[PDB]
Structures are given as structure tokens and as C-alpha cells.
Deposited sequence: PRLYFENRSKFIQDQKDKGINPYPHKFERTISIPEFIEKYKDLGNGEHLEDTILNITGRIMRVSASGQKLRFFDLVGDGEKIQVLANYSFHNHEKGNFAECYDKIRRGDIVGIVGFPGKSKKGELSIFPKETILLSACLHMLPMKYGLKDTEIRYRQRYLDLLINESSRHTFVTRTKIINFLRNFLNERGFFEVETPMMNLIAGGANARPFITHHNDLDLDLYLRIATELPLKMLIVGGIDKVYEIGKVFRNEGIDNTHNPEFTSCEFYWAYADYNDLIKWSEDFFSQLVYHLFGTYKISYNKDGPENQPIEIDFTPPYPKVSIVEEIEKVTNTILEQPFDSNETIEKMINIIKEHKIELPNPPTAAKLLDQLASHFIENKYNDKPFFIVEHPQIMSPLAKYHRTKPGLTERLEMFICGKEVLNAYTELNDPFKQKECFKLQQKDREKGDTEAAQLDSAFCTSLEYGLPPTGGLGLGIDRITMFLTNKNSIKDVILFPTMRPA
């Protein structure tokens, strides 16, 4: 129990009193474990290269049979594993006693080995030490291959023991890399805009204060506004990948701090944004898996997974038209009038459903219950949202009251939102009773903008049900 730790702390001081440095300054290694494996995987059974002296390091993860003349361990590094074969025959007795030296070693210890490569008869690829030094001791018992809420609080344990953990976060990094190259290859320019600004939200802000300036500041909820200024400033294709903050409640698809990508693209229109969306997701998926088809456990690991097919193109569903269809209602314009409002409220009551109650929020609520689960076997776009839901989007060119907006869902979760910008400042409602507006007065070209939720995307592409599973150190009740 806690006795383990204390005995191990005593070991550490004992070694020091005997003149052994259990945390040495430097150990020069000549080869990594993955490099070892790639270079020596093709030796014959029992084959041996005693003339090849190597320096290797790793974490002991298994302490096997004692055996007085033959010691066996597992040694891991960079998510890969080899065996350690300590044979009294090859041991350098000048540096210490064989049994004494290998007896001190416990699971989790990081070690530095000087030896040669080979396979055991049985066929196991091994490093054969002449000499083994402790580089950093593990003072606690590591959990074995069962593990609870400790994944999140001690992510390093999760990474060490759960093989799927490293895969998840490596996939995360590959996704962000892919997106960055994808955008760069299309001529896009990456910038950084402030994390701290002077505006609240409409989604509730983190607030802080710089005391030299005596100034309250707000963490950004999005990177929208200053990216659009850069478009005005002449940077015609422009983007940013980074954290945004929404001071809201936490759940499986919501974390208050999360990673977005937003881009703006001068002279792009609706179908460009659609095509960018379909090209991005299909190629990203193929890049990672070698197919457009993936398996996802929407309803947890204990239940059957479903297949999500990312083969383009993806379905497009007009929000109003589809609400009308499934509810057998006609939602007459403007969706403002308290008739249409009344109508939407009545739909809401009849079908359970909570609804404050407003024209835009009623529409959002109706869309949640009736549309956002239309497809689970493919991604799809909900498109042509009403202007009242979409104050920043350019008007639809043929359908009265609608916009050129598109919103992509995967298993009923929004991972993307895009639209053509409303660039006429005289049609822009917030410029009626009015920094953004001043931008538009200098001339914003026709521009398409798009945002991606990086964490939700990663969830789907790594088979996770909870956003906390794709964030290395999610913020938690200290408990």
C-alpha cells in the first residue's frame, strides 16, 4: 500500500549512502527502442550480435523470472516494447554484483542499458545487457493493464499503461497537422489574434484583469472578428487554430476551454464552402484510415458500433423545410410574428421539449429534436438557416428570409459551421444602432467563413464518447 512508497524512498537514500547516484545526470544512448526494433527485427532465432555494443533506455514494465543467472524484463519506449535478457554470462562483474544489481529493479523504473542485440531461442527480440543503471526510480506501484477517474487527473499513468491512450492523442496531433497542411497547400495564411479582448459574448465570458492597465479583459469566445479585419486588411485567405473559451456547463460534448479552427476566404461562395467541407473530411478520414468508412460506438463500448461513411458528397437538409415536413406544419414568414412563434411553441409542448422562448431559440430547439439525428451513418449538412438565426450570414439569393449557411453534423453533433458573410453594412442589423461595423465601412469583399470544432472531430475519429477523452489535461473539480 503506502508502505511501498516509503520503502522505495528508503531505497533511494540507501543507494545514495552507498555512493550510488540513483538519478544520474547524463546517460548517452545510441539508439531508440523503435529504431532498435526496426533494425534488428529480422535476426534469426537465438541469433546474436555480440560485437554490436549499444546504449538503450526505457521504462521497465515487467519484472519476470529471477533465476540467479537469467533475468527477464519488458522495456518500453515511445509506445513500443522489447525484452531485456540479463544473462550472468555477459554481465560486467567489474561494475557490480549480478544478482544484487538486478534485484533492486522494480516495475516502472527507468533504466540505461549497455549491451548487444539478439533474439532468444524462443524468438524474442531482446537487448542483452552487460550493464544496467537506474536512471529514475518509480516510487509508487504502477497500476496494471484497471484504471478509473485517474486517467484525467494523472494522464501520464493513462499514457503509460493504456495502449489506446497514446494512439488517441497521436491521432489528435495528426488531425491538426493535416488540417494545417490542407489549408497551407490552398494558399491560406496562419495568424494569431488575441486570446484577451474587450467584449463579453452572447455565450458568457471568462473575465480577468490586467492590473498595470487597470483593465478588465475577456477571453475570446471565437476568432471571428479579428480574422475578418484581416480580410479587410488584404490578407485574403486567413486562418487560426487555437483555444476558445465559453464559460458554460460541462458535458460529454462541451468543455469550457476548447480548440477551434476558423478561416475566412475572400471571394468564396456557398458551394466553395461546401466543397471545402467535403474535400476536407473525406481526405482527412482516408489519410488516417485508408478508407472513408469508420466504426464508431455512439452508445458506449458495451453496445454495438455503427458505421459512419465519409464518402462524398454529403446530404444537405434545409432546416425550415425539414421541420415543416416532419411536424406537418407550415412555418410562415416572418418567423418573428407571434403566430409563427405561437405555432413553434405549440409544436414544442406537444412533443415534450423545453424551449427562454424566442424565434431563433425555438428554431434551434426544433432543429435539435427533429433534424440533427436525421443521419448517423454519414455526415450531413443542415443548410439555409433563417436570417433571424444567422445575423452575420449573407441572404439566400432565391429563398426569401433565408441565408447561405451550412452546418455539418456527425452523429447528431455539430462539428462545423460556415457561411457567406453579410458584407453590406446597411443590411447589417448591429450597424443599425452603431469596431466590426467600422471594418465593414472600409470595404469587406464577398467572403466565406468557416469554423471547425477540433475536439469533437477528434472524438469521432478516435472512437470517444466524451470530450475529456481527447483533451490531455481537462480542467476538473480538485475533489
property	result
In sequence order, the deposited-sequence ranges that have no modelled C-alpha atom	146, 149 to 150, 204 to 205, 361 to 362, 442 to 458
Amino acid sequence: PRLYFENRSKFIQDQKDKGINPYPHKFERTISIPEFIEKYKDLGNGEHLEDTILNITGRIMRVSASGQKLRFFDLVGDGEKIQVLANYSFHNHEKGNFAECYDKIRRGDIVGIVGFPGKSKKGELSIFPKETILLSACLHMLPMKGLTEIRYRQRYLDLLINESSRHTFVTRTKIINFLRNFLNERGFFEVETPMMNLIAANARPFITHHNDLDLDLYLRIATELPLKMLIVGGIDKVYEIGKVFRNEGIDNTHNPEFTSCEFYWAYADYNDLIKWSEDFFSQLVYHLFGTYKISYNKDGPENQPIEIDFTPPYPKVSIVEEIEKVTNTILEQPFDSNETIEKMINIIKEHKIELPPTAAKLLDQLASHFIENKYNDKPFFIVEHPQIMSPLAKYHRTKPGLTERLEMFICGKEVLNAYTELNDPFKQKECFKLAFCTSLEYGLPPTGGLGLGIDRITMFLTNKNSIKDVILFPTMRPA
From here on, numbers count along this sequence of modelled residues.
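Just so we're on the same page, rigid core means the largest C-alpha set that superposes within 1.5 Å between forms.
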property	result
Core-aligned Cα RMS comparison in 7 other deposited structures of this protein - stretch that moves more, 362 to 370 or 327 to 335	327 to 335
More shifted region, core-based fit in 7 other deposited structures of this protein, 34 to 42 vs 64 to 72 by CA	64 to 72
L450 dropped from a third or more of the other entries of this protein	no
At least a third of the other entries leave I388 unmodelled	no
Residue stretch of maximal mean CA temperature factor, 55 to 63 vs 35 to 43	35 to 43
Which of 267 to 275 and 122 to 130 has higher mean CA B factor, as the PDB entry lists it	122 to 130
Member of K228, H385, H369, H287 with the greatest C-alpha B factor (per the PDB record)	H369
Identity of residue with top Cα B-factor, from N247, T208, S337, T193	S337
For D236, the third of its chain into which the C-alpha B factor falls	lowest
Ranked C-alpha temperature factor of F380 among modelled chain residues, by third	middle
For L452, the third of its chain into which the C-alpha B factor falls	lowest
Assigned third (lowest, middle, highest) for the C-alpha B factor of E262	lowest
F73, C-alpha B-factor rank within chain (lowest, middle or highest third)	middle
